[PDB]
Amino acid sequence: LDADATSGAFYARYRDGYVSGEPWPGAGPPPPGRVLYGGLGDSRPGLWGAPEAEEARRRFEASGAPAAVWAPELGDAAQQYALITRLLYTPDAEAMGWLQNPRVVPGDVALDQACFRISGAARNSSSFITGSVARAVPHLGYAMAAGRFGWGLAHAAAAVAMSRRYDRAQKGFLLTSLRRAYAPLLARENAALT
């Protein structure tokens, strides 16, 4: 009955009231001395100078590659978003396998434990809302605060990669689909916000 949609005409007319580069409603930077963590608007204090944050930041700066376990104390969220987004398009990178099960050193686990420790949350579990399904992907709030819809690819790809319901070949098809969808969006968004 809905020939307007199956023919593509409906999607050809798509538009919204949101502007790229402007903050998503209710989103914004974390308070001073704190970093984004958990749900929308939630935050935890910073761990700059702690032994866990200092060890991980040095490994991150000495490698030039995206960190396996990322935290805002390691550097710019825009830099880790750019690295992961690029990794999703680089040939023979096996990015979906890296997002689900990255090679983790003991320093990455300590950084992850210290990040939840300072948060003051009661219980850590599979149900705890963290704002990122994969620890390598920065908190989604930084994309919401910056109005960077192209940074949603990293989260959408990581959600598919973390799911236990698709096999390797099925995940590869979804990465190809996501690649096609986001490539013109990323090109337009990066050109405008620079």
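Numbers follow the displayed sequence, beginning with 1.
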**OP:** May I ask you to compare 85 to 93 and 105 to 113 by their mean CA B factor in the entry and name the higher one?
**Re:** 105 to 113
Original post:
Is the mean CA B factor in the deposited entry higher across 54 to 62 or across 130 to 138?
Top reply: 54 to 62
Original post:
So among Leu99, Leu74, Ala78, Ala122, who wins on Cα B-factor in the entry?
Top reply: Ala122
Original post:
Would the CA B-factor of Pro30 place it in the lowest, middle or highest third of its chain?
Top reply: middle
**OP:** Tell me, lowest, middle or highest third: where does the Cα B factor of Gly147 rank within its chain?
**Re:** lowest
